[PDB]
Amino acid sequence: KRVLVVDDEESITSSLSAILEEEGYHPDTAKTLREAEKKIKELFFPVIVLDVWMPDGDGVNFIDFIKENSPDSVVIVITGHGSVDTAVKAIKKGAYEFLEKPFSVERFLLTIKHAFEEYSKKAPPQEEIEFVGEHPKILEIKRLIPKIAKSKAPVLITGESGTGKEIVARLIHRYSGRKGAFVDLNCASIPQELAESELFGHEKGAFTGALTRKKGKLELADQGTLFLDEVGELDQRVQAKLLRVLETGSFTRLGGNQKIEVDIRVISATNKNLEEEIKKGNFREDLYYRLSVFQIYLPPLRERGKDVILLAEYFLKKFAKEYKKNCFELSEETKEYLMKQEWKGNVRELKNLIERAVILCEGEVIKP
């Protein structure tokens, strides 16, 4: 845990060093902007404590030096008493925090603590999302996604099982720009009535003897995107509750009375024709129109021309690489065979079929 202290006065560099060292941190000090630049380029300090004023340059602007040669460093500026216009200046330049002289040991240490947890708090979801397909129907969806995404209106994705409905949903979230999490709830894979609990969470023992609070998916999706997989499988009790949430923008946990406001973009998916389910009285009509302000239809795999080959090659590579196998080409015979299949399980079926092929691999894959 390193901390670089940049300041003109010993009262700062010494005191702070005595304090930091006393608290488990390993301090270093620079007495000039020159000496500082040296140490920054030489070694990485998670946290840098910088005086707004320095002899050999503008302490504020020096933040740019740090921004340039140590982008991960979290900066705390020290500013003279009363002069906190400089402080804002620094903050807008990208400093994380500032301390006004004079300040106590306690105030210093607390700010340092937060500087380190700011350093320790980075998001790594750099993940790219693979959405393979060149059929005109798929290219049309790919062009539509970015147009739909920057809205907050809900999206209903219709398609057979295993057609990539979740991929499209993540893409939409990605493009929407929303900073919150992508929370997916499977409304079928979950027990009939555990659903209402997954969504709303519980607090104080909602289920038989718990007394331990748990956050619902609604809440976990705050400022993000909630993906409801097979929304058609929701109890008509849950449907009603979910509706009231869409309408009020708040809810309560199971067992609690505390009002909770959420901000979610709702994406739903179904392999049913929900307009037909409404007629059969198996799905609320008002909820349907709420959830389907925008719609996207994903065609079955067998309607996608030669995407079946594209996908096969994509899976064959991904698995052969990952299971250290030496089978990287599909035989022409194999390609013909794939094109003759119905794929009732669609991409999910294809993927599993190719993964199987690789698990039992040889030099090149042919088609039993």
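In case it trips you up, residue 1 is the first one in the sequence shown, and so on.
- Looking at mean Cα B-factors across 66-74 and 310-318, the upper value is held by 66-74.
- Of the two segments, 91-99 and 157-165, the one listed with the higher mean B-factor is 91-99 (C-alpha atoms only).
- Residue set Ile112, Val105, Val84, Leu218: peak C-alpha B-factor at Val84 (per PDB entry).
- Of the candidates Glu342, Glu303, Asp51, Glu35, it is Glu35 whose Cα B-factor is highest according to the PDB record.
- The entry lists a Cα temperature factor for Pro124 that places it in the highest third of the chain's modelled residues.
- The PDB entry assigns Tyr175 a C-alpha temperature factor belonging to the middle third of its chain's modelled residues.
- In the deposited entry, the Cα temperature factor of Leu330 sits in the middle third of values across the chain's modelled residues.
- Compared with the other modelled residues of the chain, the Cα B-factor recorded for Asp222 ranks in the lowest third.
- Looking at the C-alpha B-factors along this chain, the one for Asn273 belongs to the middle third.
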